[PDB]
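Included below are structure tokens for two forms of one protein chain, each presented in isolation as structure 1 and structure 2.
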Structure 1
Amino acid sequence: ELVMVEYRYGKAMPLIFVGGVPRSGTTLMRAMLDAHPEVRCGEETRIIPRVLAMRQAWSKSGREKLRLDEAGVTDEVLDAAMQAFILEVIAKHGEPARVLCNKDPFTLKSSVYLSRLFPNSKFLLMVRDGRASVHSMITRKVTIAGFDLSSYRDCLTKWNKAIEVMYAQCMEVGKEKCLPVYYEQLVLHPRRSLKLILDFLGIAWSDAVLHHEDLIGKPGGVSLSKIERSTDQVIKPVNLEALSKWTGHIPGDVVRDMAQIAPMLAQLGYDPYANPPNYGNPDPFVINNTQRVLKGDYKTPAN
């Protein structure tokens, strides 16, 4: 119903929600979708997960839920207000496009709820080896509530619980509406991965998803925040630099206890005993991207 410079948006439109634990390729994924001529994701809104969390807290409190129900502010009203708020933020914080998309990592803790609010929405759950994600948080000093960066053990424990929840939500939403996307397979085989992802989304193939680095900052392309912690990685083409760099840099006691700390590794198909797991041939495309990146073809932006 609501319009934009002529695109119409509403609760029945086919939204794409991207998420996962931070440092799992979520920015790369949404940037590759942003490259598509029909899709716009844009930057992390930050406020969508905040308001979702507050609204969830309201109903989890017995005392507050009683007061809200007695005020006529029922689940039905809260849900309508969440729909309207989320739609405005998604629609207005970036360029209009036929298919709107949002990437705020921890929103996928609420994919069951979002799939009911937005009955035609679909979900991409980014999955990356928790050892790589946690190594990224600690070495880059990425602040995430609840993740004590002084402890690999604590961060892997918290990674495990977060992805356990999001994976359970993805399974409950079901295979027609939520697709786990493995970062390692995305970087090894981006063409095959995006072919599968766009088929799942019901969106026609476009080569543009393999050209996202051409489209940084351009109209209809990839809008980046200079403050977000993945920006200087996503300005490069898909490459292998970050695939395995955690290995040998995790404390020995955590390596020993890996499968007990992070049982979701094996649940998701990762080898929690290998340092590191042995992946097969990357596509020639990514091998060439990688040597260009490592020899300095992509300069650090002045901004």
Structure 2
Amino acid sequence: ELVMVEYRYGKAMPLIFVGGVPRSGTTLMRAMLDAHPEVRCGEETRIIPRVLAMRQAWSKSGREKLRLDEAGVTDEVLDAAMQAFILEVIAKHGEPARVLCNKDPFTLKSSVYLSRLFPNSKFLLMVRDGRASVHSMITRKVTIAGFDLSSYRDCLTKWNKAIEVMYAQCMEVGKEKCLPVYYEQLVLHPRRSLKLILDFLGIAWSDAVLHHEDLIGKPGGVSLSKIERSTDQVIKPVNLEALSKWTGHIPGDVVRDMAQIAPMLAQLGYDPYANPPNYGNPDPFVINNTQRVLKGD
């Protein structure tokens, strides 16, 4: 176990992985966690999901795996190599803390693998209405290799497949180690949501998680990259503005075919023919935050 109260990073470390399809509140979630003095997530590493995809890729590819196994580069060796690379990046890319965390959206496609590598890690899977996530990536031009931003139909189809895998992985990992977090519930009910999340994590309450915007740029607080696409949203307190901006911007044929393009909508509790679903009633706290945002605080 190597140097980072002197915390040690090692595979048996308490770790939190946050993810979900991009544009699903992952940066908000990690920033709220960062606001806690016992937790550091920090910025997206970008490279962790690339090494995971590399790892995940040739297990299906018969020929690569056979060649690796014949070279003595077995699952055990690869797993040892992956652990070491990932720990180095998580540990050294930001400030130390008792509980280290990583947020890279697509890592949650590999939560079963990550849970095996890191036996004391836990996972927060951000879930947001696919229509909201897709409308976001298209309108803001947040690029995902393989998603066609000129098509709502394509993006929704690929959102669906992506979250289908992440959710199945979350269910296999199990209730003790992976928690779906619904973005709309997080925004509507921040206090209740964070209380449930922190309980799941085995971490005590701190009011700081409800005032993440006050801890941006500060020691032990929230470190934001100016290049990351969610930064100008995350500098604001939790607010209601982004819940249903998608409504009316989905092409009619896609609105018609919604349940068939995105069966994961109904499976996750989003009505695919509500435009938009009634996500729920906002806490006064978030109503107030939204009003402050609108006046231009």
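We call the rigid core whatever largest set of C-alpha positions still superposes within 1.5 Å between the two forms. For numbering, take structure 1's sequence and count from 1.
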Original post:
Where among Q267, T45, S59, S244 does the Cα move by 2 Å or more between structures 1 and 2 after the core is superposed?
Top reply: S59
Original post:
With both forms put on the same core, how far apart in Å are the CA positions of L68 between structures 1 and 2?
Top reply: 1.9
Subject >> Rigid core superposed, the C-alpha shift at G19 between structures 1 and 2 in Å >> reply: 0.3
Original post:
Taking the rigid core as the frame of reference, how far in Å is the Cα of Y279 displaced between structures 1 and 2?
Top reply: 3.0
